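Following: one structure in structure tokens, then a few remarks.
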Protein chains: 2
Amino acid sequence: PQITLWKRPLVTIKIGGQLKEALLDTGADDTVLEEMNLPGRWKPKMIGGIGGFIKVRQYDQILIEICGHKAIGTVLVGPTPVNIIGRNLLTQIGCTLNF
Amino acid sequence: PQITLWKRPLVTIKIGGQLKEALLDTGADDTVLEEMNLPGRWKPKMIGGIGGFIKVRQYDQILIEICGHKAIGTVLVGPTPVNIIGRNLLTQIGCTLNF
Ligand SMILES: COC(=O)N[C@H](C(=O)N[C@@H](Cc1ccccc1)[C@@H](O)C[C@H](Cc1ccccc1)NC(=O)O[C@H]1CO[C@H]2OCC[C@H]21)C(C)C
């Protein structure tokens with residue numbers, strides 16, 4: 001579809017068998033989701049933005065469905081205030097900016 | 001134009017007569033630029049991000065040119081790690097997300 005930017009571009013995603021709301025974010029290199037218990041091994045990581053860094057758990061080869069479009073990649077889990085879909089998965093669903 | 005997301009969506013902007021590089025960021029409500037000397041009056045403000053909050057200078061009704069498209073609106077100036085163009089100006093240049 002086409003998503004305007006008058007409001008935060010929030011969409012429904014499906015991950016680990018759960019439905020969640022997440023922000024489509026062209027300014028994020030990576031995907032960061034709110035604390036959740038995902039199975040499997042993980043690696044510690046630090047990600048930064050405005051204000052500093054937060055500690056997250058890095059999960060690899062995670063399947064996410066974004067408005068019916070499937071993506072598979074690295075997902076970070078930690079104390080983020082909002083679920084963020086970053087460029088690593090947005091490229092897989094063929095998302096582009098247009099103006 | 002149409003911009004893919006394999007690389008960071010960086011563009012050249014012109015503000016206060018100076019050229020700078022900035023990130024087109026659908027995950028930002030507001031536009032935040034690195035410390036710089038802008039003409040006009042300003043007010044203190046605080047903005048938050050993934051790491052916490054930072055103190056910024058809020059400039060209102062500022063003219064900014066984003067890849068040749070003119071916008072006039074609120075610009076925040078402070079210790080952000082990268083210049084970000086947020087939704088407040090992205091809407092003025094007619095930017096949308098498509099997939
Ligand atoms: C390589 O580094 C990265 O990719 N970092 C990503 C990242 O932080 N990206 C930033 C832009 C960015 C900033 C610094 C360095 C690189 C990019 C943005 O895209 C996403 C955030 C999301 C958000 C939304 C609401 C509350 C907290 C956080 N938006 C934001 O901070 O917006 C600010 C400014 O506007 C305000 O509205 C919303 C909050 C306010 C991480 C997500 C991985």
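Because only heavy atoms are used, hydrogens play no part in the values below, and waters and symmetry mates are left out as well, while side chains stay in. First listed ligand is number 1; within each ligand, the first listed atom is number 1. In what follows, chains carry the letters A, B, and so on, assigned in the order in which the sequence lines appear, proteins first and then strands, with residues in each chain numbered from 1.
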B:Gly86 to ligand 1, any heavy atom closer than 4.0 Å: no

Does the side chain of [Y] come within less than 4.5 Å of [X]'s, by heavy atoms?
X       : Y       : answer
B:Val56 : B:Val77 : no
B:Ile84 : A:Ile50 : yes
A:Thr26 : B:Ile3  : no
B:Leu90 : A:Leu97 : no
A:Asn98 : B:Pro1  : no

Polar side chain donor-acceptor pair, A:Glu21 to A:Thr12, under 3.5 angstrom: yes

I'd like to check whether [X] has a polar contact with ligand 1, where a contact means an N/O of the residue lying under 3.5 Å from an N/O of the ligand.
X       : answer
A:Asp30 : no
B:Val32 : no
B:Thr80 : no
A:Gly27 : yes
A:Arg8  : no
B:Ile84 : no

Atoms of ligand 1 close to A:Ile50 [distance to a heavy atom under 4.0 angstrom, numbered from 1]: 13 (C), 14 (C)

For A:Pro81, the ligand 1 atoms whose distance to one of its heavy atoms is below 4.0 Å: 26 (C), 27 (C)

Whether A:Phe99 and B:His69 hold their rings parallel, tilted or perpendicular, with breakpoints at 30° and 60°: perpendicular

Exceeds 12 heavy-atom contacts within 6.0 angstrom, atom NZ of A:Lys14: no

Give me the nearest non-hydrogen protein atom to [atom] as residue plus atom name, then the distance to 0.1 Å.
atom                    : answer
atom 1 (C) of ligand 1  : A:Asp29 OD2, 3.1 Å
atom 10 (C) of ligand 1 : B:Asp25 OD2, 3.7 Å
atom 23 (C) of ligand 1 : A:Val82 CG1, 4.0 Å

Sole residue of A:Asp60, A:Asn88, A:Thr31 in side-chain hydrogen bond (donor to acceptor under 3.5 Å, both in side chains) with A:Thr74: A:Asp60

Option whose closest heavy atom lies nearest to atom 33 (C) of ligand 1, chosen from B:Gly48, B:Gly49, A:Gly49: B:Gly48

